[PDB]
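Residue numbers (PDB author numbering), protein chains in the order written: chain q, 4 to 72; chain 4, 122 to 224.
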């Protein structure tokens, strides 16, 4: 008969050993640019809302002071 | 024993011996690294990689007929060559082990 030992048609195809750890492109300083940007949004909006809340504050004190007598 | 006994193993024995030599080296290295993590902190990598190690012992169990300590090595060459269809599994593990170690 023939022999049943293993090796097949040669090569088993290619195999990739070498190291790969790629792909993060979002990082220049521009990460700072987007974060600091987010701050620049927060202070804008929050500024507005605190102004509004002061307006309400004066209005409430007006309620009280009109009550006082 | 071979060296002192003036014998050479046949080539295929030497090749199998090399194969499982570097496989075993893959074992002891992956252990050393992972357990070095678990000791220090880092509960998880122990788990991720010792899964693959379990695949390795899945190889040994076919090869030598037992899990870990089974000899499968003698003087004058190894005995009980690979079961038919083993090198396929070896290939398949070796295929993506690269991906996982990079992980």
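Idealized CB from N, CA, C, for every residue including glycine.
The beta carbon of residue 175 (chain 4) lies closer than 6 Å to none in the same chain, with the five residues before and after it left out. Interface residue (Cβ-Cβ distance to chain q less than 8 Å): residue 205 (chain 4) is classified as such. The DSSP-derived three-state label of residue 160 (chain 4) is helix. DSSP places residue 69 (chain q) in the uninterrupted alpha helix (DSSP H) bounded by 33-70.
Residue nearest to residue 17 (chain q) within the set 217 (chain 4), 167 (chain 4), 223 (chain 4) and 224 (chain 4) is 217 (chain 4) (criterion: CA-CA distance). For the pair residue 210 (chain 4) and residue 180 (chain 4), the CB atoms are nearer than the 8 Å cut-off. Restricted to the segment 197-222 of chain 4, not a single alpha helix (DSSP H) segment is unbroken, complete and at least 4 residues in length. Leaving aside the five residues that flank residue 198 (chain 4) on each side, the residues in its chain whose CB is nearer than 7 Å to its CB run, in chain order, 130, 131 and 134. Between the segment 160-173 of chain 4 and the segment 64-71 of chain q, the count of Cβ pairs shorter than 8 Å is below three; the stretches do not touch. Distance check between residue 182 (chain 4) and each of 140 (chain 4), 207 (chain 4) and 142 (chain 4) places 207 (chain 4) closest, using alpha-carbon atoms only. Within chain q, the residues whose beta carbon sits less than 7 Å from that of residue 219 (chain 4) are 19 and 20, listed in sequence order.
Straight through space, the alpha carbons of residue 148 (chain 4) and residue 128 (chain 4) are spaced by roughly 29 Å. Residues of chain q with a Cβ closer than 7 Å to the Cβ of residue 215 (chain 4) are, in chain order, 18. A residue is called buried when at least 16 other Cβ atoms come within 10 angstroms of its Cβ; residue 203 (chain 4) meets this threshold and is buried.
In this structure, the beta-carbon distance from residue 155 (chain 4) to residue 171 (chain 4) falls below 8 Å.
Residue 151 (chain 4) counts as buried, since at least 16 other C-beta atoms from the protein chains shown sit within 10 angstroms of its C-beta.
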